[PDB]
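This report refers to the structure that appears directly beneath it.
What follows draws every value from the coordinates through simple rules; no lab data is involved. Don't worry about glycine lacking a Cβ; one is built from the backbone with ideal geometry, like all the others, and counts go over all protein chains shown.
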Amino acid sequence: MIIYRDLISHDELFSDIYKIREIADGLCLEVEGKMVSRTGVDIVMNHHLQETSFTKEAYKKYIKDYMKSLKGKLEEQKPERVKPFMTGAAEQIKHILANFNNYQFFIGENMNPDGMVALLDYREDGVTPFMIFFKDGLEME
């Protein structure tokens, strides 16, 4: 069994039980799940994901403070990743803020303000949820 954890806040985010697809040229992970009623998202309820909200400036302030934190973790763990990290993120941050009204925010269990903020949206069918994480801010245990 594979468990993907946040590299910063050490919070449980998701596992390999869902469909994992790669997007943004290897920058973000596309975790495909389904709606289960025990009604909620299976990926959210199974990993203690705490929901939060951000404004256009607070998220831009956070994502600038968080993407810098991941770049520092790459400089100590995978220095060759720093170059493709800033390139795809600059295009991705401009893609997230452009579609800011379509994403929902979630944080780790500890609710650390420095942790990862996950995004949630729906496919063209409107009922299949998929979550967007940062691939470089995860540790595979």
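Only one of 53, 69 is in contact with a strand residue (DSSP E or B) (Cβ under 6 Å, 6 or more places away or on another chain), at negative phi and among the small types (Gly, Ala, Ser). Can you tell me which?
Values: 69 fails: in contact with a strand residue (DSSP E or B) (Cβ under 6 Å, 6 or more places away or on another chain).
Testing whether each residue is in contact with a strand residue (DSSP E or B) (Cβ under 6 Å, 6 or more places away or on another chain), at negative phi and among the small types (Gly, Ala, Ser) leaves just 53.
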* Right, residue 30: out of contact with any strand residue (DSSP E or B) (no Cβ under 6 Å at 6 or more places or on another chain), under 21 Å from residue 9 (Cα atoms) and charged (D, E, K, R) or not? -> no
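Taking the condition under 24 Å from residue 3 (Cα atoms), of a type in the set (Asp, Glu) and in a helix (DSSP H, G or I), does residue 76 pass? Don't jump to the end; show me each part of the working.
Values: under 24 Å from residue 3 (Cα atoms): yes; of a type in the set (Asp, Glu): yes; in a helix (DSSP H, G or I): yes.
Taking the combined requirement at face value, the residue satisfies it.
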* To do: Assess whether residue 13 counts as being closer than 12 Å to residue 135 by Cα, touching a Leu at 6+ places or on another chain (Cβ under 8 Å) and surrounded by 15 or more Cβ atoms within 10 Å (Cβ to Cβ).
  => yes
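Which members of the range 53-67 meet the condition of being surrounded by fewer than 15 Cβ atoms within 10 Å (Cβ to Cβ) and under 15 Å from the mean Cα position of the chain (by Cα)?
Initially, the range 53-67 is screened for residues surrounded by fewer than 15 Cβ atoms within 10 Å (Cβ to Cβ), giving 53, 55-58, 61, 64-65.
Residues satisfying the conditions are 53, 64, 65.
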